[PDB]
There are 2 protein chains.
Amino acid sequence: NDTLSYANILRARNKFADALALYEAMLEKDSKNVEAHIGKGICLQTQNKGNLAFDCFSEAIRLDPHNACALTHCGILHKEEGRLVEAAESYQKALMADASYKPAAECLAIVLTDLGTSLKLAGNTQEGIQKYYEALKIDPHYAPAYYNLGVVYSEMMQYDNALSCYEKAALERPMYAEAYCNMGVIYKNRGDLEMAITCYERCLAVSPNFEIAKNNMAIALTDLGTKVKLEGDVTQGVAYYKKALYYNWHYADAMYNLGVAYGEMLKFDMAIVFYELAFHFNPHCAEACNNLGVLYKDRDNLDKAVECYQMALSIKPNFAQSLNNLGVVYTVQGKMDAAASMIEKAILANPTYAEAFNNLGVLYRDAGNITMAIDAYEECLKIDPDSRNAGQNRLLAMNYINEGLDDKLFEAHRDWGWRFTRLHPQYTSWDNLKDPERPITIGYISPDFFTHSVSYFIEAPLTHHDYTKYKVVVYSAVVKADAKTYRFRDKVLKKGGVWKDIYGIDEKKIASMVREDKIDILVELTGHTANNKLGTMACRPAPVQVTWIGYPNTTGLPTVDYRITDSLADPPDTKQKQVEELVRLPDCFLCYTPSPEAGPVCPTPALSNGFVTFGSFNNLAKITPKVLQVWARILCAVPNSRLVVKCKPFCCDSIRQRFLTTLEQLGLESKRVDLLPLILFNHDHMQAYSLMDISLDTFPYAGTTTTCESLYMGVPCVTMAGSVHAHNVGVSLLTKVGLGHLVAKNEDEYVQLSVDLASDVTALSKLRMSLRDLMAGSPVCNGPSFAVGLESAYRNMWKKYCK
Amino acid sequence: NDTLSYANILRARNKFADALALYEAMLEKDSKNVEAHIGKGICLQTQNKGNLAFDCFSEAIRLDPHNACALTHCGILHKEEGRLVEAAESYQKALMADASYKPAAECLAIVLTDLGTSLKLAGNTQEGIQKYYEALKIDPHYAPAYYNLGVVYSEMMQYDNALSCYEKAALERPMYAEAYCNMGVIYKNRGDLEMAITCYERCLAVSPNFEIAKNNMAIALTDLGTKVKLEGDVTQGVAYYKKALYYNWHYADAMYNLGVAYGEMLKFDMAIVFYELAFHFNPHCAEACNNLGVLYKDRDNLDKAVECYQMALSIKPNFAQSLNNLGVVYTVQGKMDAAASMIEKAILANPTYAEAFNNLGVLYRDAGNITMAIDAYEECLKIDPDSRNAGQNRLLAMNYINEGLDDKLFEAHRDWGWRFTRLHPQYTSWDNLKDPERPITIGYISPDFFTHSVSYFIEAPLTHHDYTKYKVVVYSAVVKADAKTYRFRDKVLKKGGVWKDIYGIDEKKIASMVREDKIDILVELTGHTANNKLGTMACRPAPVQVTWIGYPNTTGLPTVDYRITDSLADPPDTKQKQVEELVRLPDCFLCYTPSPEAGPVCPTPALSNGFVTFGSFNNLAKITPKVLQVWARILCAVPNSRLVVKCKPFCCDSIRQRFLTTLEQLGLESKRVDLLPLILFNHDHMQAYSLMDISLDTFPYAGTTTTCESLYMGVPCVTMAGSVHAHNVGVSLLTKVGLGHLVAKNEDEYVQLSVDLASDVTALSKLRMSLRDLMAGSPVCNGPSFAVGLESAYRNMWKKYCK
């Protein structure tokens, strides 16, 4: 008995060779020793001598058929070769011999699970399920059987059974990472993400390098961060995206969403970096390219923005947003035909993209197609009735061709103001001490303090302003400053005014700023044009609100008290109703300050070139078909005449061709018309007036700055009187320069005046050489008289408010 | 005269065909019209009819040889074909005709610069330079000539001339981006980075898509961020790295340095992400892999850390830091031979890497090579005399083989404490009200509150503590908690103690925490072992400072007042000097709390196996060669005996083989010794005591917890008395269990006692079955008596401090 026990101890100490030799020496003495046969079989198994182990166990079973141990080891040997059926039978025999032999029960549950899996992969799922239940009847603890049951239930969309099976599997084996992973995947599939996250956390606590769980954790965390961001907590969303990038460092979607979140935070450099990284890891992320193009466009890197949009469209050709943004950039670049084609494709891709309709209307307005622009604006308001940009661009466009014949323009503006007031709260009390004989704070607010038409007039008061009585505050919304902006700032400061840069600010806070500065009269210089601050004007921050030159009609805002004009642009008997009270200055409402780059007046080209040249440097939006027909009538009335028209959209060949067609259809030879694009130079723009002899003013929207520049170069400008301020601005200037005999009341006398002026080249030449001195001695250049008049008007308005 | 002028106007209007036809009709009338010849030549040039233009200009020159215009256009035609010499000659002729003809001068400066460039590329740099100076004599404004001059000067390392040339080039052309770029590159090369940055900013303002300037801006910004970080402002450095990543989104070095900066900020998730991204964009960034491995190691992801270090070493095989870190990880993994090889390679790569020497000493200590460990520690102190870890590991290692024979161990500890006090400030005043008969606040501070040897003793007071008089505060520095930590917390809280988790905190702030809690007696349980808080003890936060079990010798800190012991471990006449005052408890200084997993005592294996089994479960560091020789003497003295030794390092085959060699050299058959590695189970570790009959205690470092566990399983433990506490701990336990007849004073009686115990298997078996009851009735398990004794000692110490 000591030898068998010693051999068993040796076997248990992995000293298989000496124990084997002892079992051999015992079997030489007793070939019927079943236990020695079992020990021999086990020791041969450990030497990978399967056949001889099988022989030893077969002989043991022959000696003791009810040896559950020998039958179990025979089943194990059968199992290792994958011959599962005989092994299963052997285990069944072992249980019949000793139903308490736990190792046989456990191994039988294993092999029964393998059998069930084999049938499952063969599509025999239901009988496999029954054998898995048999396994759990044999060993209610074999967790892998629960895992397999959960997988099967998850394949038949029976998620509740799958969860119950995975929960049982995790109970029997707490470190069964795959069960937690599959639970997390199912819970993610059910919409609940916190549970899924918890399951993945359990998986990674059990298996920290299980990649599938890391990837799914990053996905679930990104979805959760997106939800939480949509719920308002953007910072916690960002935290979730960063934690997601911890498990999946290349998850491009988390980078894209970080880009978006940082964009909303105004951390544009990070938004750019993250969007570009998202594109690097996911090149099919056309949204990243689109948003990157947007950020580059707002950084004024238009070429990069174009590249980004072209990439987005090469990935998603129908990506309506990229189409619209590319159209907008081409509009900025002046590629009008490409802009049109892009915007039209965006509209085709999404007929409810209101902003695309607004941009189309803007493009048509710039192209002079006022009617189509209005139609597009009407479609936009049909889609977005609160589209502020569409409404204001609509009003502006209607100002170019709406001749005073009814109360529709006024109605539209008035209604516009009513709606905004019902949608924009304002103040009702002011702490400004009501003293009529004290200093007054004047705010001038405008986005165009650079080389713009408005600047050529606001320069006059800025230069001629009695600072000892009227403290000046400037609210510059300029997008891009320049030498003229700096000159204005220096002029205001050198006297004692206040300059505030307000580009990129809110509106209500600007109204607060106006209140802290105790502005008494706030003067808006923009009206319904781009980047206006009419919302600040709606807040009523100042006790007196004025408009003056940015818009040639009523603002329609009931909160604006007064509009400054004179008795020539708006005669006392004008029938055009306006929301503002008209205050008429005694002289011209305009004071032109010439550019110090105007250069000399040249002699009249007609003396040297032998031809009369009419011209117009107005935008195409002012060149209405009526004006086109009138100019054709003039040029037919003046034998051998030439017309020079310079407009930015003539950079596009299609626009030139269409304009030529229009003219030719009126009987005018295209060879007689020279269409020049914009030349980006103040000096050269002014010198271009040497190319024309007679300026033709536009109607019903006259020139304003263009007429003044024309006159400064000695080019007579024929205008027409009419029923709207925009028409009579030319009347005011020509009359105050002393050319009131050149203001027509209608088209026929306008033709007659143009032919008469063209008929006396000598009178034309003397006028050319006299016009600079005539204007410089006139009120249009009399800065001091204009300043005293404006100052008096301001004082009068203050007095009106005081009572 | 009107026809020529009209043709010139037509040419100026790009109506080249009609003007050409008019010039032809004029030349039919006057073939000598030089101006008509020039106009024809120009119009043919615009149709790319070079040969016919050349004919027209040649005839013009024949008609007017001094026509500077015709000569200039001939030079232009020559220039377009690249036949620069004749063109230059033609321009020289034009200047001789009319030295004021500016277009000829400008074009001549251009062609002279091209000639200079041609000579430069041919290596004829100096004559090219003279022609560039000729160009500047012709046109002092031709900026490209200045640029070329700057390039040439930059090629001859004449940087001041290069800067002057580039500055002149930028003056003549403000939008010459390349000049600013080259200036920035030179300034970067001179060390000044702000100027370079300014130049690149100018370049990108002129050319926002010039890639070279973006890349160089990112480089310069990364260098500047690195400097500023090294200057203390890490946040501004991070801002610079982010701005760098704005211009170069894939600059891997900025990502690596961001990883480092965020690591110093403790934003490890970001440090990981950035280091991995840096590796993605620069796979040769072995430093990123190293630091990523460090972060994964500190996140307990040892397999990933190993992968990262293997990657770093595949990139940089001699990267000493990665070698050291991989060695440390293998030490944690127990791969002792791989750790040794790695640390030795790190030492070979950098012989001044003190930390590598410390880690080598730690490895040798774990391998039991105390002498080599001490040598390595001495080398580390030679390199880093303030290396806290090396000094403490040295003292600990010396405790294993330094037998009390001189005052060197005490001297080393005492000096250690002196130096730290001179390098660690502490407090001198306490607000604790000096009342000897009031409640006392006891702090227990320790990192090992988990399943560790120390826990088996600290459990006793935590269970048996009168909370109504001694408020308990626990400072747990546990790195990884467990069920025993939670059990201790629950036990302390259920009574009214305070539990504070302090893992990962500073030392001085802990001293502040001890002061706010008004701790009266702070008890350190760690001494010079890993992660101790001896620096907190140096701060003297509590009025009374005690050590008790973490270290078997003096701490050497003069700020520690008392060490708790008894009269058996440190007899009253002990000659070992210590900095602490010894307070001897009346009973055993140890109270073992058995594990509730100890299971039953088995019968003595000798009755069933037929062999006597000696054993030892002590670490190899305690198994000194002297002990090895003694055990060999015992086993030779006991015929047919077996030794079982279980130690963790026996997982390494080389350590087993070397140990076997040692034994065999002493005449012991290796077959008689079973070396078992660590089994990671408390139950199975305790049940392993069924494999041995007699425990052999180690010297001069006795077992402590191992001896108690042995006794609880009924295994007698023979110990020896000696001159040091660590030796006499076994004496204390055996005497207090009632086995004082088994405490030897020397090796010969130790052998005699071991043979006598082995000779009576029957007495051995009765002892085995009695030992549990003997100890349970003994003071070692008498929690109440031990608690009253400790409580009395605490009260006495408080009273001593009160006076």
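Regarding how it was determined, this PDB entry cites cryo-EM in its header, along with a resolution of 3.7 Å.

As deposited in the PDB, this entry carries the title "Cryo-EM structure of the full length Arabidopsis SPY with complete TPRs". According to the UniProt record, the Pathway comment for chain A reads "Protein modification; protein glycosylation."

Colleague: Describe the packing of helix α3 (residues 34-46) of chain A against helix α4 (residues 50-63) of chain A, naming the residues involved and giving the relevant values.
Modeller: Residue and element names in this part refer to chain A. The interhelical angle for the contact between α3 and α4, taken along N-to-C directions, is 160 degrees, at an axis separation of 8 Å. As far as their axial angle goes, α4 and α3 are roughly antiparallel. Like other packed secondary-structure pairs, α3 and α4 cross with a definite hand, here left-handed. Contact with α3, carried on its side by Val34, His37, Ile38, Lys40, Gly41, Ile42, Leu44 and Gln45, involves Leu52, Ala53, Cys56, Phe57, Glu59, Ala60 and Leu63 of α4 and no other residues of that element. Each residue belonging to the contact of α3 with α4 can be placed in one class, and the counts come to 10 nonpolar, three polar and two charged.

Colleague: Describe in detail the sheet that holds strand β8 (residues 612-616) of chain A, supporting the description with residues and values.
Modeller: Residue and element names in this part refer to chain A. The six strands lie next to each other as β10-β9-β8-β11-β12-β13, forming an open sheet whose pairing is parallel. Looking at strand neighbours, the two that pair on one side only are β10 (673-676) and β13 (743-744), the edges of this open sheet. Where strand β12 (residues 717-720) lies against β13, two bridges are found, and the strand directions are parallel. Note on β13: the bridge partner recorded for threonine 719 is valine 743. On the sheet, helix α34 (residues 725-737) packs against β12 and β13 and is oriented at approximately 130 degrees with respect to β12. Against the sheet, helix α35 (residues 747-759) contacts β8, β11 (694-696), β12 and β13, and its axis sits at roughly 170 degrees relative to β12.

Colleague: Pulling in residues and values, what's your account of the relation of the copies chain B and chain A?
Modeller: Overlaying chain B with chain A gives an RMSD of 0.0 Å, the required rotation being 180 degrees about an axis along which the chain moves by 0.0 Å. Here the two chains are linked by the operation of a two-fold rotation axis. Across chain B, the rotation axis passes nearest the C-alpha of B:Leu277, at a separation of 5.3 Å. Here 100% of the contact residues of chain B are again contact residues in chain A; the copies associate through an equivalent surface.

Colleague: Kindly report on the pattern of salt bridges, identifying the contributing residues and their values.
Modeller: The tally for this structure, following the rule as stated, stands at 37 salt bridges over all chains. A salt bridge links A:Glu459 to A:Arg487, with the shortest nitrogen-to-oxygen separation between them at 2.5 Å. Of this pair, A:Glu459 sits in helix α25 (residues 455-463) while A:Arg487 sits in helix α26 (residues 483-495); the two residues are 28 residues apart in sequence, bridging distant segments of the chain. With relative accessibility at 11%, the residue A:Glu459 sits in the buried group. Between B:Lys79 and B:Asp114 there is a salt bridge, with the nearest N and O atoms lying 3.3 Å from each other. One end of the pair, B:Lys79, is in helix α5 (residues 68-80); the other, B:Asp114, is in helix α7 (residues 102-121), and 35 residues separate them in sequence.

Colleague: Lay out the interface of chain B and chain A in plain terms, naming residues and giving numbers.
Modeller: At the junction of the two partners, chain B supplies 25 residues and chain A supplies 25 residues. Buried area between chain B and chain A, both sides added, is near 2,300 Å², and the carbon and sulfur share of it is 56%. One salt bridge in this structure joins B:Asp674 and A:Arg13, with 3.1 Å as the shortest N-O distance. Counting across the interface, chain B meets chain A through eight residue pairs in polar contact. Secondary structure elements with two or more residues in the side of chain B that touches chain A: α14 (234-247), α16 (268-281) and α18 (302-315) of chain B. Taken together, the residues that form the side of chain B that touches chain A break down as 12 nonpolar, three polar and 10 charged.

Colleague: Explain the domain arrangement of chain A to me, and be specific about the residues and the numbers.
Modeller: If you check the domain split of chain A, you get domain 1 (2-155), domain 2 (175-249), domain 3 (436-585) and domain 4 (605-781). The C-alpha centroid of domain 2 of chain A is placed 42 Å from the C-alpha centroid of domain 1 of chain A.

Colleague: Before we move on, could you go through the side chain of A:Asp693 and cite the residues and values that matter?
Modeller: Residues and elements named next belong to chain A. Following the sequence through the fold, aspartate 693 ends up in the loop between α32 (682-687) and β11. Only 3.0 Å separates the side chain of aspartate 693 from the backbone nitrogen of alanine 606, close enough to count as a polar contact. Residue contacts for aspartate 693: discarding those within four places in its chain leaves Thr604, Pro605, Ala606, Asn609, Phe611, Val612, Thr613, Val715, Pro716, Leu764 and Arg768.

Colleague: Any chance you could break down the packing of aromatic side chains for me, citing the residues and the numbers?
Modeller: A complete count under the given rule lists 38 aromatic pairs over all chains for this structure. Ring geometry for A:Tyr400 against A:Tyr701: centres 5.2 Å apart, planes inclined by 70 degrees, an arrangement best described as edge-to-face. In this pair, A:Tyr400 is assigned in helix α23 (residues 388-401) and A:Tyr701 in the loop between β11 and α33 (705-712), connecting sequence segments 301 residues apart. Here a set of aromatic residues connected by ring pairs shows up, and it is made of A:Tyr147, A:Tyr166 and A:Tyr176. Above the face of the A:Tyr427 ring, A:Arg515 is positioned so that its terminal group lies 5.0 Å from the ring centre. Here B:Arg772 stacks its cationic end above the ring of B:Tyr712, 4.7 Å away from the centre of that ring.

Colleague: Tell me about the environment of A:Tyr166, residues and numbers included.
Modeller: Residue and element names in this part refer to chain A. Secondary-structure assignment places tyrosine 166 in helix α10 (residues 159-172). For the pair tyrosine 166 and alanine 143, spaced 23 residues apart in sequence, the C-alpha separation works out to 8.7 Å. Residues within four places of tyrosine 166 in sequence aside, it is in contact with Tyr147, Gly150, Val151, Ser154, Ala179, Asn182, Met183 and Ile186. Within the local environment of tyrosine 166, its side chain forms a polar contact with the backbone nitrogen of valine 151, the two atoms lying 3.1 Å apart.

Colleague: Can you break down the pairing of strand β9 (residues 641-646) of chain B residue by residue, with the values?
Modeller: All names here are of chain B. Taking burial as the measure, the six residues of β9 include six buried ones, the bulk of the element. Side chains of β9 alternate between two faces, with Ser641, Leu643 and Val645 and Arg642, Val644 and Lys646 buried alike. In this sheet, β9 lies alongside strand β8 (residues 612-616) in parallel orientation, the contact comprising five bridges. Directly across from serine 616, in β9, lies its bridge partner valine 645. Where the polypeptide runs from β8 across helix α30 (residues 625-637) and back to β9, its parallel neighbour, the crossover connection is right-handed. Where β9 meets strand β10 (residues 673-676), four bridges bridge the pair, whose relative direction is parallel.

Conventions and cut-offs
- Residues numbered from 1 in each chain as written, not as in the entry; some residues may be left out.
- Chains lettered and ligands numbered in written order.
- Heavy atoms only, no water.
- Residues with missing side-chain atoms left out of burial classes, pairs and counts.
- UniProt positions renumbered as here; feature names shortened; annotations may be inferred.
- Axes fitted to C-alpha atoms, helices over the stretch in contact; angles between N-to-C directions.
- Helix = DSSP H or I, 4+ residues; strand = E, 2+ residues; numbered from the N terminus.
- Parallel < 35°, antiparallel > 145°, perpendicular 65-115°, else oblique.
- Left-handed = near helix turned anticlockwise from the far one by under 90°.
- Contact = heavy atoms within 4.5 Å.
- Nonpolar A, V, L, I, M, F, W, Y, C, P; charged D, E, K, R; others polar.
- Pairing = 2+ DSSP bridges.
- Least-squares fit on C-alpha atoms.
- Salt bridge = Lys/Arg side-chain N within 4 Å of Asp/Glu carboxyl O.
- Buried < 20%, exposed > 50% of the residue type's maximum accessible area, 1.4 Å probe, protein only.
- Buried area = accessible area lost by both parts, 1.4 Å probe.
- Polar contact = N/O pair within 3.5 Å; in protein donor to acceptor, adjacent residues only side chain to side chain.
- Domains from an automatic or database assignment.
- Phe/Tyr/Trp six-rings, centres within 6.5 Å; stacked < 30°, edge-to-face > 60°.
- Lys NZ or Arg CZ within 6 Å of the ring centre and 35° of its normal.
- Right-handed = clockwise from strand over helix to strand, strands pointing away.

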